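The structure appears below as structure tokens.
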Amino acid sequence: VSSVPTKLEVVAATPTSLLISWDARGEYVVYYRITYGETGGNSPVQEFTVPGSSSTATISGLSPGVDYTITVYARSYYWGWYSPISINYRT
Amino acid sequence: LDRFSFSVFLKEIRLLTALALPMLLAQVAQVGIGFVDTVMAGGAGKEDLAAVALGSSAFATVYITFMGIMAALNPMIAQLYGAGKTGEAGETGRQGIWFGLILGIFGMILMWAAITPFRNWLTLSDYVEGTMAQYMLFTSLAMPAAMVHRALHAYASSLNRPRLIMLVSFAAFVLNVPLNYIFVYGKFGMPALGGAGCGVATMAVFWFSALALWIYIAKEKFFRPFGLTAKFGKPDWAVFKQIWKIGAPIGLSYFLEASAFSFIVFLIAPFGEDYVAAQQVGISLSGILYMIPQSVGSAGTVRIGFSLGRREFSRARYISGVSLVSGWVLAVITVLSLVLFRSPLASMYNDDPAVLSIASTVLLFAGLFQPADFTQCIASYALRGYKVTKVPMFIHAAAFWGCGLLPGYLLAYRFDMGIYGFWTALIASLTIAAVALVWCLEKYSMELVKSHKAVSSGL
Ligand SMILES: CC[n+]1c(-c2ccccc2)c2cc(N)ccc2c2ccc(N)cc21
């Protein structure tokens with residue numbers, strides 16, 4: 001019974017890839033899975049997966065200018081998911 | 001083609017609460033240094049042929065010029081107090097302290113080189129020579145530049161809530177007056193050489209304050225990682241090489257006032273002897289109180305680059321404004337006491353003996369450039385100050401001289417009593433700062449939209 005890993009930030013790309021540096025005050029039990037996709041609806045969703053206070057990582061942004069939407073995920077106490085939080089801001 | 005300077009007005013919500021108020025004591029400890037000088041201009045007049053400043057103002061060139069490079073870490077170590085390890089911040093602090101001690105040994109070798117004002121082409125006050133115990137204020141007070149650089153690299157790590165330097169570099173001058181005169185002629189001390197000995201005194205006091213660095217790993221958690229200040233990592237290990245291109249672009253851009261040097265002292269050089277060499281009584285009273293001015297943003301350069309690591313993007317560069325226009329209050333509400341007042345009977349014969357019997361064609365420019373400049377670098381001490389913005393904020397000033405060139409021989413070639421008349425495109429070279437600078441500070445507070453790439457979050 002909670003809310004999300006609550007910050008949003010993508011500062012800069014590497015015009016190919018992108019740094020994502022969001023909130024994580026500790027962990028909980030331990031965890032991030034982070035969505036990976038455009039907002040197009042096509043080009044399937046994919047997965048970065050990370051540890052500690054580290055939702056503060058960075059993608060591999062293969063393709064070019066196109067709008068990419070990208071969520072993150074907590075995991076907790078219950079081996080299930082605390083909340084998700086998403087932004088979409090592309091290249 | 002009307003305002004390519006985007007949204008200039010806006011740097012505002014309810015910011016009245018912007019407190020860079022300890023960022024004044026940063027430059028009141030600096031009047032604490034500013035003010036020894038006179039305690040040995042008028043402390044070493046005991047020797048009359050010791051107008052001695054004849055060195056200690058062409059020493060203080062390869063100070064304030066290198067001094068630049070070093071004060072270029074002002075951001076570095078604020079911007080990584082958005083992070084956490086002032087020991088990684090510190091491993092710079094050290095890498096630099098290696099600089100401010102390494103470039104301090106060029107200060108201290110380019111100084112060795114220095115000593116041949118055995119040279120000539122123009123007039124007195126600036127050529128003659130015969131008895132030179134400057135000879136010695138050279139070496140004796142040039143032999144410091146190392147420890148005197150580390151002893152700045154100190155406050156190049158006071159860029160994060162301490163001004164324990166208003167503490168020392170006050171009771172550092174107080175250490176010096178006493179000392180100063182012992183060497184000019186004194187007690188049990190080496191009590192002979194005085195036309196220098198004011199200065200061997202002076203510099204002893206740089207190595208004194210040099211370690212109120214050491215002696216302030218003391219009030220709280222460290223800034224001491226003085227493990228071997230070593231480098232090697234690539235061809236040349238940066239965090240040092242990285243300091244380079246915040247360095248070059250500053251001293252070489254502190255070579256602004258480094259030519260407002262051979263401009264200000266080359267128009268006493270024609271038949272304008274008398275009250276055009278009393279120009280420098282005003283333009284010394286320029287620097288004397290232009291300092292608590294100017295250097296507020298050369299203190300506010302913290303509050304901004306510090307709050308970039310701490311990712312409050314423009315939630316600091318829109319205090320760039322409410323710091324810009326805050327001393328900008330007094331930038332003009334004391335250009336009033338500059339075009340107005342003069343050297344009265346409150347002026348005696350101090351910093352340069354010339355008070356009674358000369359004109360006020362001297363407060364004519366105590367307004368021209370005075371406020372139209374005031375802030376127009378406490379812009380840049382918040383450009384570089386903020387970002388890396390000195391890369392061609394170096395070429396900020398290739399125009400503050402290459403645009404104030406002909407307004408050099410345009411007091412000469414004149415239409416009126418143009419004593420402030422080569423202060424023409426040298427208050428217009430200097431008011432095109434109104435632009436490129438605070439241009440890149442809305443090219444630039446408009447870059448922390450790009451970098452604030454997620455407008456807010458949830459709950
Ligand atoms: C001692 C006067 N004074 C000052 C000075 C020192 C402190 C405050 C204001 C001016 C000076 C300051 C700078 N930067 C550069 C050159 C000179 C200089 C040069 C020659 C001279 N004969 C006196 C000079």
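Chain labels A, B, ... are given in the sequence in which chains occur in the structure tokens; within each chain residues are numbered consecutively from 1, and ligands are likewise numbered from 1 in the order shown.
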Please, which residues in chain B fall within 8 Å of chain A when counting only C-alpha atoms, and what is the closest atom pair and distance in Å to one decimal for each, ordered by chain then residue number, as CSV?
```
residue,atom,partner,partner_atom,distance
B:450,CA,A:11,CA,6.8
B:451,CA,A:11,CA,3.9
B:452,CA,A:11,CA,5.3
B:453,CA,A:11,CA,4.7
B:454,CA,A:9,CA,4.6
B:455,CA,A:8,CA,7.3
B:456,CA,A:8,CA,6.1
B:457,CA,A:7,CA,4.9
B:458,CA,A:6,CA,5.5
B:459,CA,A:3,CA,6.4
```
Ligand 1 neighbours within 7 Å using only C-alpha atoms and all ligand atoms, as a list in words: residues 37, 41, 51, 53, 54, 57, 58, 125, 261, 284, 287, 288, 351 and 352 of chain B
Atom pair CA of residue 439 (chain B) / CA of residue 5 (chain B): separation (Å): 5.5 Å
Residue set, region 304-337 of chain B restricted to helix (DSSP H, G or I), as JSON, numbers by chain: {"B": [304, 305, 306, 307, 308, 309, 320, 321, 322, 323, 324, 325, 326, 327, 330, 331, 332, 333, 336, 337]}
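Take CA of residue 426 (chain B) and CA of residue 248 (chain B): the distance between them is 23.8 Å.
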Nearest candidate to residue 69 (chain A) (options A:55, A:40, A:28, A:33; using only C-alpha atoms): A:40
Nearest residue to residue 83 (chain A) from the set A:15, A:37, A:71, A:21 (distances using only C-alpha atoms): A:71
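Residues with any atom within 8 Å of region 391-395 of chain B, counting only C-alpha atoms and excluding same-chain neighbours fewer than 5 positions away, are residues 245, 246, 249, 250, 252, 253, 380, 384 and 437 of chain B.
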With N, CA and C atoms retained, could you export that selection as a PDB file, in the first residue's frame?
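The resulting file, out_24.pdb, is shown below:
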```
ATOM      1  N   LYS B 245      41.042  23.604 -18.902  1.00  0.00           N
ATOM      2  CA  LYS B 245      40.157  24.466 -19.699  1.00  0.00           C
ATOM      3  C   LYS B 245      39.016  25.117 -18.924  1.00  0.00           C
ATOM      4  N   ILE B 246      39.139  25.105 -17.607  1.00  0.00           N
ATOM      5  CA  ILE B 246      38.460  26.107 -16.806  1.00  0.00           C
ATOM      6  C   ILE B 246      39.509  27.115 -16.330  1.00  0.00           C
ATOM      7  N   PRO B 249      40.921  29.661 -19.784  1.00  0.00           N
ATOM      8  CA  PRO B 249      39.915  30.649 -20.102  1.00  0.00           C
ATOM      9  C   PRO B 249      39.663  31.701 -19.021  1.00  0.00           C
ATOM     10  N   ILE B 250      40.396  31.671 -17.919  1.00  0.00           N
ATOM     11  CA  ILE B 250      40.115  32.655 -16.897  1.00  0.00           C
ATOM     12  C   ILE B 250      41.223  33.657 -16.711  1.00  0.00           C
ATOM     13  N   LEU B 252      43.598  34.158 -18.661  1.00  0.00           N
ATOM     14  CA  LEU B 252      43.775  34.749 -19.982  1.00  0.00           C
ATOM     15  C   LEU B 252      42.603  35.680 -20.264  1.00  0.00           C
ATOM     16  N   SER B 253      41.526  35.410 -19.521  1.00  0.00           N
ATOM     17  CA  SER B 253      40.421  36.361 -19.357  1.00  0.00           C
ATOM     18  C   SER B 253      40.469  37.194 -18.047  1.00  0.00           C
ATOM     19  N   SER B 380      29.562  36.866 -15.504  1.00  0.00           N
ATOM     20  CA  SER B 380      30.526  35.817 -15.789  1.00  0.00           C
ATOM     21  C   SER B 380      31.016  35.005 -14.581  1.00  0.00           C
ATOM     22  N   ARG B 384      30.902  30.929 -16.445  1.00  0.00           N
ATOM     23  CA  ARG B 384      31.905  30.057 -15.923  1.00  0.00           C
ATOM     24  C   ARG B 384      31.340  29.720 -14.540  1.00  0.00           C
ATOM     25  N   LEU B 437      27.424  37.931 -22.779  1.00  0.00           N
ATOM     26  CA  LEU B 437      27.364  37.363 -21.434  1.00  0.00           C
ATOM     27  C   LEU B 437      25.897  37.112 -21.097  1.00  0.00           C
TER      28      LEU B 437
END
```
Shell around region 397-413 of chain B at 8 Å using only C-alpha atoms, local window under 4 positions removed, as a count of residues only: 17
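Between CA of residue 69 (chain B) and CA of residue 243 (chain B) the separation is 8.0 Å.
Among the candidates B:435, B:446, B:440, B:50, the one nearest to residue 198 (chain B) when counting only C-alpha atoms is B:50.
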Non-local contacts of region 138-150 of chain B (8 Å; only C-alpha atoms; under 4 positions in same chain excluded) as a ChimeraX atom specification: /B:55-56,59,63,67,70,97-98,100-108,111-112,115,134,154,196-197,199-200,202-204,206-207,210
